[PDB]
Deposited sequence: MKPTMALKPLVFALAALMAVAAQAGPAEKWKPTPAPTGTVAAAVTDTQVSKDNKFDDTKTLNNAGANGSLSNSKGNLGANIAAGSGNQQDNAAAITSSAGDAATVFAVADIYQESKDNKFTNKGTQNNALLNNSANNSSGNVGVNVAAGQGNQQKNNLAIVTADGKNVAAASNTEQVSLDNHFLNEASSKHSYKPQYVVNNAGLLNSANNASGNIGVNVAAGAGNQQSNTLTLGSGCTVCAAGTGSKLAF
């Protein structure tokens, strides 16, 4: 049982770059990657072979260039792959994988506004099995993946 909670938080604004170059190219079984470039993002990965939460209560976001990017990656993979990219302030990410519950809530928040760039370059090229990709560029996006075999 995992939990990730964020109560009140005052963000006031700046360069934010997050990326993955040629990497995770090959895989077997499960694989999960989450990339974000922001202020209060949340990331979580759960995988297994053979009950989680993510809360984001009141936060004051006030304001900058945000670059969340993913270059060559996850090209030739077998099994499960989950990729989530977001360039915002309060995004939430999650990946659930299995071989042979979930909840993501965002309560009251104050987003006020700045350039946000998401991205997915040459990637996910030859995926056998399962694969899920979520890309967003905003303020309060939410992403989740769920894959299984057997």
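Novice: Identify which parts of the deposited sequence carry no C-alpha coordinates, going from the N-terminal end onward.
Specialist: Since the structure holds only modelled residues, the stretches it omits are 1-44, 58-59, 97-109, 123-124, 162-172, 186-197, 235-250.
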